[PDB]
Amino acid sequence: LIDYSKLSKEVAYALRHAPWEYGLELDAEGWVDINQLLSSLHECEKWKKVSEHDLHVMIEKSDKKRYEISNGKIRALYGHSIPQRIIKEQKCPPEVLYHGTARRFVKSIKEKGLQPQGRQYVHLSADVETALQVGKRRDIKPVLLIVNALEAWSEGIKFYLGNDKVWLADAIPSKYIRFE
Ligand SMILES: *SCCNC(=O)CCNC(=O)[C@H](O)C(C)(C)COP(=O)(O)OP(=O)(O)OC[C@H]1O[C@@H](n2cnc3c(N)ncnc32)[C@H](O)[C@@H]1OP(=O)(O)O
Ligand SMILES: Nc1ncnc2c1ncn2[C@@H]1O[C@H](COP(=O)(O)OP(=O)(O)OC[C@H]2O[C@H](OP(=O)(O)O)[C@H](O)[C@@H]2O)[C@@H](O)[C@H]1O
């Protein structure tokens, strides 16, 4: 049987972080031919059994909509770190978005605002529980930040489509972030 969770982590690395290591090139919106991905995964002993059907199943069973398959191509919807900016659709955000973080980063976010750091975009959540889960990746007592996203947008900060639970933004100045 396939560990679809571990397969999902491998696909994340290929489609967000190091496509070159797989001999892949992503298009401007992040897509690659799914047969080229499968061929690359089959260089790895653990993934030689993985079929195109398995990639659909991995997506269906996942707790998050990380990837999409369309007309024989696959992309990650968010998370990228590669030098070439992934073109995402600009969108007007809801009034409020959230961002869960680690206690150890709060001072720096107060001073500088939210920054993309190792990714191309700041990632934000649509609801509190989702944001706390983001923060739990780094801190058992994560900090919830509340972003006045529509105010930021009206003052020129760009936001972009990730998926229904993950919104993307350029750097967000501190004045739009509530820490309490
Ligand atoms: S046999 C040859 C295998 N391939 C290679 O050797 C090439 C380089 N391999 C690697 O770098 C690692 O083996 C990878 C593929 C990254 C897997 O290592 P980890 O077990 O440590 O994975 P992480 O926990 O660090 O997470 C990796 C990214 O995957 C996201 N993710 C996708 N799907 C899930 C699921 N179901 N559950 C948890 N996390 C998942 C992770 O959030 C993470 O995302 P980042 O963008 O890296 O933050
Ligand atoms: N000025 C500043 N100074 C200091 N620290 C600052 C800072 N600005 C921001 N930070 C913090 O710098 C960390 C960046 O960390 P990340 O790149 O991993 O971003 P993120 O945590 O949002 O996570 C992305 C997605 O990854 C996962 O998705 P998957 O499961 O992989 O699909 C999640 O669920 C997400 O959707 C975060 O703590 C920021 O708060």
Side-chain angles (χ1 to χ4, degrees), residues 8 11-17 19 25-32 34 56 58-139 142-180:
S8 185
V11 171
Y13 187 63
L15 299 185
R16 295 174 176 169
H17 303 302
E25 200 162 0
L26 312 181
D27 77 7
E29 297 183 48
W31 298 95
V32 69
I34 207 171
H56 288 273
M58 174 190 74
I59 292 176
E60 177 209 339
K61 291 307 198 273
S62 173
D63 62 314
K64 289 178 176 176
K65 184 176 175 166
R66 293 184 171 96
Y67 318 114
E68 65 178 342
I69 296 170
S70 176
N71 200 22
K73 299 205 99 205
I74 187 168
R75 68 168 173 172
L77 298 180
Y78 62 87
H80 309 85
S81 64
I82 66 176
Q84 193 68 23
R85 194 161 156 93
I86 302 297
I87 304 310
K88 309 295 284 157
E89 165 195 322
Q90 295 186 34
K91 273 191 82 156
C92 182
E95 181 166 55
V96 162
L97 288 169
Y98 297 95
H99 177 88
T101 192
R103 291 168 280 176
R104 67 196 179 263
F105 294 149
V106 166
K107 180 189 179 187
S108 181
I109 296 160
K110 284 178 178 173
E111 280 175 19
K112 300 171 168 180
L114 284 166
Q115 292 282 340
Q117 304 299 73
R119 320 237 183 207
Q120 302 182 347
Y121 298 94
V122 173
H123 290 55
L124 305 171
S125 304
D127 71 273
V128 169
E129 183 53 41
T130 301
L132 299 173
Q133 293 308 308
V134 174
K136 298 241 185 119
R137 286 153 57 249
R138 284 187 179 82
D139 193 336
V143 176
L144 179 73
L145 310 183
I146 305 173
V147 176
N148 289 331
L150 192 52
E151 180 184 2
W153 173 88
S154 77
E155 293 184 356
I157 303 305
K158 291 75 44 204
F159 292 77
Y160 312 82
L161 159 74
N163 65 25
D164 287 346
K165 296 180 87 173
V166 178
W167 276 74
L168 302 174
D170 293 331
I172 303 175
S174 183
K175 68 163 307 191
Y176 307 112
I177 306 175
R178 285 145 54 187
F179 294 90
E180 54 186 42

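Numbers here are sequence positions counted from 1.
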**Asked** Got a second to check how far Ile86's CD1 is from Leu77's CG, nearest 0.5 Å?
**Response** 11.0 Å
**Asked** For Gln133, which residues count as a side-chain contact (heavy atoms from CB on, under 4.5 Å) partner, sequence neighbours excluded?
**Response** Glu129, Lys136
**Request:** Look at atom CD of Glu95 and say whether more than 12 heavy atoms of other residues, nucleotides or ligands are closer to it than 6.0 Å.
**Result:** no
**Request:** Over all heavy atoms of both residues, which pair between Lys65 and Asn163 is shortest? Give the atoms and the distance, please.
**Result:** O-ND2, 2.9 Å
**Asked** Given side chains that start at C-beta, do those of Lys64 and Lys165 come closer than 4.5 Å, heavy atoms only?
**Response** no
**Item:** Closest non-hydrogen atom pair, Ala131 against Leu144
**Value:** CB-CD1, 3.8 Å
**Fill in**
Correct closest heavy-atom pair for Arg75 and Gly30 would be CB-O, 3.3 Å
**Complete:** Rounding to 0.5 Å, atoms CG (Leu15) and CZ (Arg66) come to a distance of 12.5 Å
**Item:** Minimum heavy-atom distance between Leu97 and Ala149, given as atom pair plus value
**Value:** CD1-CB, 3.9 Å
**Prompt:** What is the distance from atom CD1 of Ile172 to atom CD of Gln115, rounded to the nearest 0.5 Å?
**Reply:** 9.5 Å
**Message:** Measuring only between side-chain heavy atoms, which start at C-beta, is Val134 closer than 4.5 Å to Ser125?
**Reply:** yes
**Prompt:** In Å and rounded to the nearest 0.5 Å, what is the CG to CD distance from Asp170 to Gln120?
**Reply:** 10.5 Å
**Fill in**
residues 110-136 vs ring-ring contact (aromatic ring centres under 6.0 Å, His included), sequence neighbours excluded, gives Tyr78-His123, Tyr121-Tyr160
**Request:** Please answer whether the main-chain N or O of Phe105 pairs with a side-chain N or O of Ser108 as donor and acceptor at a distance below 3.5 Å.
**Result:** no
**Prompt:** If you draw a 6.0 Å radius around CG in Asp164, do more than 12 non-hydrogen atoms from other residues or ligands fall strictly inside?
**Reply:** no
**Asked** Do the non-hydrogen side-chain atoms of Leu145 and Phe179 ever get within less than 4.5 Å of each other?
**Response** yes
**All side-chain contact (heavy atoms from CB on, under 4.5 Å) counterparts of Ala152, not counting sequence neighbours** = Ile157, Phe159, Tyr176
**Request:** Taking atom CD of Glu68 as the centre, report whether more than 12 heavy atoms of other residues, nucleotides or ligands fall under 6.0 Å from it.
**Result:** yes
**Prompt:** Atom CD1 in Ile146, atom CG in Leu124: separation rounded to 0.5 Å?
**Reply:** 12.5 Å
**Asked** Mind checking what makes side chain to side chain donor-acceptor pair (under 3.5 Å) contact with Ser8, not counting sequence neighbours?
**Response** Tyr67
**Request:** Using the test side-chain contact (heavy atoms from CB on, under 4.5 Å), find all partners of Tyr13 that sit at least two apart in sequence or belong to another chain.
**Result:** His17, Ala18, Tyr22
**Side chain to side chain, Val96 and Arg178, heavy atoms closer than 4.5 Å** = yes
**Message:** Could you report the tightest heavy-atom contact between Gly118 and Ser81, atom names first, then the distance?
**Reply:** O-CB, 3.1 Å
**Message:** Less than 4.5 Å apart, side chain to side chain, heavy atoms only: is that true for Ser174 and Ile109?
**Reply:** no
**Request:** Using the test side-chain contact (heavy atoms from CB on, under 4.5 Å), find all partners of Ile69 that sit at least two apart in sequence or belong to another chain.
**Result:** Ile34, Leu55, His56, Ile59, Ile74
**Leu161 side, atom CG; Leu168 side, atom CG - distance, nearest 0.5 Å** = 7.5 Å
**Asked** Does the side chain to side chain contact (heavy atoms under 4.5 Å, CB included) test come out yes or no for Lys91 and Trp153, once each step is laid out?
**Response** CA-CA 9 Å; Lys91 273 191 82 156; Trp153 173 88; over 6 Å; no
**Request:** Would you name the heavy atoms of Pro116 and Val122 that are closest together and state the gap between them?
**Result:** N-CG2, 3.7 Å
